[PDB]
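The chain below stands alone and is given in structure tokens; this is the form deposited in one PDB entry.
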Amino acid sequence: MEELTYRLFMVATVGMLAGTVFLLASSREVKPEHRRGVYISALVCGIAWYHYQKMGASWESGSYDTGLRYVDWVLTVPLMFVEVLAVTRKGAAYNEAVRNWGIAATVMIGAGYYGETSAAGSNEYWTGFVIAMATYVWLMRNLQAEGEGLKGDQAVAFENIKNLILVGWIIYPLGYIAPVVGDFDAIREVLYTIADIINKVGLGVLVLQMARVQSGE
């Protein structure tokens, strides 16, 4: 399970880079005014590629830095909301949501980190959990409302974006709670790694699909 975790970091590294280059190369098949979300999606995969290389080396060396994961999340999670907003909004409405959802996502990861760097089951741990969980629910409710008014092919394409996040992100708070119910540290690293590949590359592909639909594809 220590070796497995290392192999998975290497598979994630290669998966994230594959997603980055796929999304950059596919960006040309979409019209310029719909490319923003695809570019941001590739940036998310590229940041994760860089971090998974660091997590792999950090793991190998011993003294694994559990903070690398949170540095990756605090950058990529706000950007993942932004890449969705890039295909649902434009102009002032987009900039408003980028700031508001972006700060909320940053607070969620920050509260999580506050709790993570505490003794498990401690007061600090539960404070982090509750603030992050409240912000998570607020963001998922914002995402649900973002679909209202969409029609036909864009409604279907957004439903897929929305449901990948709604279903795919549940593992993160579940992993956080795990250690209070028992000893789950090793499995949590493995599941988070698999989750990050699916969530980051998957969301980029679905945002690309939305931009394709918006481009008349």
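Residue numbers here begin at 1 and follow the sequence given. Throughout, rigid core stands for the largest set of C-alpha atoms superposing within 1.5 Å between the two forms.
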Taking the deposited Cα B-factors and averaging over 206 to 214 and over 4 to 12, the higher mean is found in 4 to 12
Quick note on 189 to 197 and 19 to 27: per-entry mean CA temperature factor is higher in 19 to 27
Per the deposited entry, the peak Cα B-factor within the set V167, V38, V181, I47 goes to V181
When the entry's CA B-factors for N160, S61, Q154, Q53 are compared, the highest one belongs to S61
Quick tally, chain-level thirds of C-alpha B-factors: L174 sits in the middle
So, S122's CA B-factor, relative to its chain, sits in which third? The highest
In terms of its chain's C-alpha B-factors, the third that includes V137 is the lowest
In terms of its chain's C-alpha B-factors, the third that includes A92 is the highest
Chain thirds by Cα B factor, record data; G147 belongs to the highest
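What follows is about the form deposited in another entry, which we do not show.
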Of the residues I40, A178, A157, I47, superposed on the core between this form and the one not shown, only the C-alpha of one moves by 2 Å or more, and that residue is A178
- Query: If you line up the core, does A93 shift 2 angstroms or more at its C-alpha between this form and the one not shown?
  - Reply: yes
inquiry  = Could you check, with the core superposed, whether the Cα atom of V71 shifts 2 Å or more between this form and the one not shown?
reply    = no
